[PDB]
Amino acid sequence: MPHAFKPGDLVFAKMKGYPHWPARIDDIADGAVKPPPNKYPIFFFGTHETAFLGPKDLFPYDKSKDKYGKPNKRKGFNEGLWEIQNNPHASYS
């Protein structure tokens, strides 16, 4: 059965006005800004941006890739697809 989300989990993450996007749940570094309550730090592959999102916008990668893991025109998307498939746990700073 499913657990709660934890750092390292891979997802497609949904934000208004964008396609479901390859992403991961990030750790929060020591001394770094924490997300609001009930939100997770989401790192978007390809763009390398962070946003704070709740579970309603988080789709587990394995279950969802057949639907959401196809190339898209949007800036950073296809790079994102490579990263999530090939090195999802790397440092992208």
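Numbering starts at 1 and follows the sequence shown.
- When the mean C-alpha temperature factors of 78-86 and 65-73 are read from the deposited coordinates, 65-73 comes out higher.
- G54: CA B factor lies in the lowest third for its chain, per the PDB record.
- Ranked by C-alpha B-factor against the other modelled residues of its chain, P41 falls in the lowest third.
- Sort the chain's modelled residues by C-alpha temperature factor and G8 lands in the lowest third, per the entry.
- Split the chain's modelled residues into thirds by C-alpha temperature factor. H20 is in the middle one.
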